[PDB]
Amino acid sequence: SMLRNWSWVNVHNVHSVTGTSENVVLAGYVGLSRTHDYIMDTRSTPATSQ
Amino acid sequence: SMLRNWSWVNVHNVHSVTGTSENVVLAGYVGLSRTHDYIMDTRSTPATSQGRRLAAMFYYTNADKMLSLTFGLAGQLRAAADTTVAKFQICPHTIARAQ
Amino acid sequence: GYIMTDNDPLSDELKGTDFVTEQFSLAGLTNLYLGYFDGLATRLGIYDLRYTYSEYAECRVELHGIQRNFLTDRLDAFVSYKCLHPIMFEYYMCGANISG
Amino acid sequence: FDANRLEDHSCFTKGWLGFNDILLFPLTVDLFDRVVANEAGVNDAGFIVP
Amino acid sequence: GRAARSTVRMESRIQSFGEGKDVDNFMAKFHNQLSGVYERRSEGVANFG
Amino acid sequence: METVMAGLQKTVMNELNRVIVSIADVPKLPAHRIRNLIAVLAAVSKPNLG
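Protein sequence lines, in the order shown, are assigned to chains A, B, C, D, E and F. Going by the deposited numbering, the first residue of the first sequence is number 646, and it counts up by one from there. Going by the deposited numbering, the first residue of the second sequence is number 646, and it counts up by one from there. Going by the deposited numbering, the first residue of the third sequence is number 745, and it counts up by one from there. Going by the deposited numbering, the first residue of the fourth sequence is number 299, and it counts up by one from there. Going by the deposited numbering, the first residue of the fifth sequence is number 101, and it counts up by one from there. Going by the deposited numbering, the first residue of the sixth sequence is number 249, and it counts up by one from there.
Shown next, in the form of structure tokens:
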């Protein structure tokens, strides 16, 4: 059942839908800004209506 | 076979192609400037399209082609040194008089 | 820096011609691909960040077919990287076609 | 340092009278858990030094 | 080589640069860009960066 | 929890130890559905999503 799903193919003919690869290293959410704003009651809830 | 190839000659009658000697010490490639500029922006190249063409020929070359290129330069420079020697009368007497 | 053709004697003869006169780089080739893909995908209302990430100092974007050995399967050298049928292209691109 | 040449001090350690001992007073716990940090095989929020 | 008399040497001298450039923020770029090849939290990637 | 917050220091990558997601109020969901998403949130961080 795995040969029938084209597991036999040359892996060099499989292209990403963008044609590119990617190495992402992004500074992310830590949560110190949101917890600080909650204690000061400035912006307690950050989730918007949308 | 070494004697038949004149291993016995005077090492002073053997003249460089240029009529000069040399001792060059010029500060060179380290690679910290090339690697620093890569981390700043990985989307550039240090190799220009003229250097990629020159690189291609060295892939596609044999010793015979390179030997004639440089054994022709050695003739060209030795004829320009022979002109300079004749012009300025460079002989052991003339160099010793300068010393 | 590789003359890759399906005809093995042809790539040996192309070394001594004006084929090697004009040159280009993988970095320059990639930078044109990301620039055009970003503008086109936006015009299709996608807004992908493959070009935004390429301009971050900790992120690198490369073409997908780089990890293969180009000296091996040279008989598929001139086959493009278009993946989907000429009709599934018209399905997405509102009747537009690129080949036929 | 003790006398290392001719039963006398060197050119550099001679005449050093010293001062009051340095007290490393951490204003944060970082210096405390970096000194006892064992960087051999564990993640421990430190460098991987083989 | 009995009559050569010419020598050539290359010096790998490095100088300092970037009077203000915040060393610690480049060291972050270096060990993040090269994380896909070399182990990011190591004493060699921090030293060479 | 207070044991966890005691060791919540900054690493050598100028990086916090963990990602903080502070919950003030809870979206209206069944309890079992809430427990299931905690399982997901514990596994989203692991390599290959656990």
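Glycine is no exception: its CB is placed at the ideal position from the N, C-alpha and C atoms.
Assigned secondary structure, residue i (DSSP; H/G/I helix, E/B strand, else coil)
i: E834 (chain C); result: helix
i: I684 (chain A); result: helix
i: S106 (chain E); result: strand
i: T665 (chain A); result: strand
i: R140 (chain E); result: coil
i: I282 (chain F); result: helix
i: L776 (chain C); result: helix
i: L718 (chain B); result: helix
i: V288 (chain F); result: helix
i: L677 (chain B); result: helix
i: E799 (chain C); result: helix
i: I790 (chain C); result: coil
i: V764 (chain C); result: helix
i: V654 (chain B); result: coil
i: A128 (chain E); result: helix
i: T690 (chain B); result: coil
i: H829 (chain C); result: coil
i: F822 (chain C); result: coil
Short CB-CB distance (under 8 Å) between residue i and chain D
i: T259 (chain F); result: yes
i: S142 (chain E); result: yes
Short CB-CB distance (under 8 Å) between residue i and chain F
i: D319 (chain D); result: no
i: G344 (chain D); result: yes
CB contact check: residue i to chain B, cutoff 8 Å
i: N813 (chain C); result: no
i: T765 (chain C); result: yes
i: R804 (chain C); result: yes
i: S106 (chain E); result: yes
i: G745 (chain C); result: yes
Below-8 Å beta-carbon distance, residue i vs any chain E residue
i: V730 (chain B); result: no
i: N265 (chain F); result: no
i: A801 (chain C); result: yes
i: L718 (chain B); result: no
i: residue 745 (chain B); result: With chain B covering 646 to 744 only, the question about residue 745 (chain B) has no answer from this structure.
CB-CB length for residue i against residue j, believed under 8 Å
i: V347 (chain D); j: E143 (chain E); result: 5 Å
i: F345 (chain D); j: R141 (chain E); result: 6 Å
i: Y795 (chain C); j: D782 (chain C); result: 4 Å
i: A701 (chain B); j: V764 (chain C); result: 5 Å
i: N132 (chain E); j: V670 (chain A); result: 4 Å
i: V730 (chain B); j: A103 (chain E); result: So it is not a contact: roughly 17 Å between Cβ atoms.
i: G149 (chain E); j: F130 (chain E); result: 3 Å
i: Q257 (chain F); j: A338 (chain D); result: In fact, because the Cβ distance is near 20 Å, the residues do not count as touching under 8 Å.
i: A290 (chain F); j: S689 (chain A); result: About 26 Å; that fails the 8 Å criterion.
8 Å Cβ cutoff, residue i in contact with chain C
i: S661 (chain B); result: no
i: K129 (chain E); result: yes
i: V654 (chain A); result: no
i: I684 (chain B); result: yes
i: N650 (chain A); result: no
i: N147 (chain E); result: no
i: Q115 (chain E); result: no
Any C-beta of chain A under 8 Å from that of residue i
i: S270 (chain F); result: yes
Beta-bridge partners of residue i, as assigned by DSSP
i: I346 (chain D); result: E:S142
i: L322 (chain D); result: The partner list for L322 (chain D) (beta bridge, DSSP) is empty, contrary to what the question assumes.
i: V670 (chain B); result: E:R109
i: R303 (chain D); result: D:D306
i: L807 (chain C); result: A:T665
i: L264 (chain F); result: F:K258
Inset, instruction - Indicate whether the contact test is met: 3 or more Cβ pairs, each with one atom in the region 683–694 of chain A and one in the region 647–655 of chain B, closer than 8 Å. - result: Counting C-beta pairs with one atom in each stretch, the region 683–694 of chain A and the region 647–655 of chain B have fewer than three that are closer than 8 Å, which means they do not touch.
Inset, instruction - Evaluate contact between the region 767–777 of chain C and the region 651–666 of chain B, counting only Cβ atoms and requiring at least three cross-stretch pairs below 8 Å. - result: At 8 Å Cβ cutoff, the stretches do not touch.
Legend entry - Cβ contact check for the region 695–715 of chain B and the region 795–802 of chain C: 3 or more pairs under 8 Å: With a cut-off of 8 Å, the region 795–802 of chain C and the region 695–715 of chain B do not count as touching, because too few Cβ pairs lie within range.
Legend entry - Validate contact between the region 669–677 of chain B and the region 107–117 of chain E using beta carbons, cut 8 Å, 3 pairs: With the rule of 3 Cβ pairs closer than 8 Å, the region 669–677 of chain B counts as touching the region 107–117 of chain E.
Legend entry - Inter-stretch contact (C-beta, 8 Å, three-pair minimum) for the region 803–812 of chain C and the region 721–731 of chain B: Too few Cβ pairs lie closer than 8 Å, so no.
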